[PDB]
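1. with the input below, show me the fold.
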Amino acid sequence: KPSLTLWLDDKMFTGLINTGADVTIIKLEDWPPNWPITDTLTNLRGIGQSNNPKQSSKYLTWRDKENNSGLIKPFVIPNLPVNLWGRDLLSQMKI
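-> Residues are numbered from 1 along each chain as shown. Below, you will see the structure:
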């Protein structure tokens, strides 16, 4: 399958598996507005400073449906049409 549903802290998210990227990206529309984000100067692949990318301020706990768990600190961007799981997350999971 091409997509994966997981929990980040206390919310479920679905996204495409994006093993080509080292970092995970959540679309701003799915980002809970009470969760802290901070502007990032990090140079993301394919994303320009003018998109004003942000990063989760804290690490989030991820869980899968088997209660395997880890931590990721995803980037968050506007006008992204799907959530994209990167290697930061995928290398922690049994796949």
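2. correct me if wrong: residue 36 contacts residue 58.
-> Yes: if you go by CB atoms under 8 Å, residue 36 and residue 58 touch, sitting 6.5 Å apart. C-betas here are computed from N, CA, C, even on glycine.
3. neighbour count: these two, which is higher?
-> residue 58 (13 against 9; other CB atoms under 10 Å).
4. so how far does stretch 19-31 reach from one end to the other?
-> This stretch, stretch 19-31, spans 21 Å end to end (CA to CA, to the nearest Å).
5. likewise for stretch 49-59?
-> 22 Å.
6. what of stretch 71-86?
-> 13 Å.
7. what's next to it, contact-wise?
-> 4, 6, 8, 13-19, 21-28, 30-31, 37, 40, 42, 44, 47, 51-56, 58-62, 88-89, 92 (CB atoms under 8 Å, 6 or more residues apart in numbering).
8. buried ones among these?
-> Buried members of the contacts of stretch 71-86, scored by 16 or more other CB atoms under 10 Å, are 4, 6, 8, 13, 15, 18, 21, 23-27, 30-31, 37, 40, 44, 47, 53-56, 60, 62, 88-89.
9. these in helices, which ones?
-> Counting by DSSP state H, the buried ones among the contacts of stretch 71-86 place 88, 89 in helices.
10. please flag which of the buried ones among the contacts of stretch 71-86 sit within strands.
-> 4, 6, 8, 13, 15, 25-27, 37, 54-56, 60, 62 (DSSP state E).
11. pipe these into TSV and attach distance to residue 70 per row.
-> Output for those, formatted as TSV (distance: CB to CB, whole Å):
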residue	distance to residue 70
4	14
6	10
8	11
13	14
15	15
25	17
26	16
27	21
37	20
54	21
55	17
56	14
60	10
62	5
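12. residues near the nearest residue to residue 27 once chain neighbours are set aside, how many?
-> Take residue 27 and drop its neighbours on the chain: the residue closest to it by CB to CB, 6 or more residues apart in numbering is residue 80, 3.9 Å away. Around residue 80 there are 19 other residues, counting by other CB under 10 Å.
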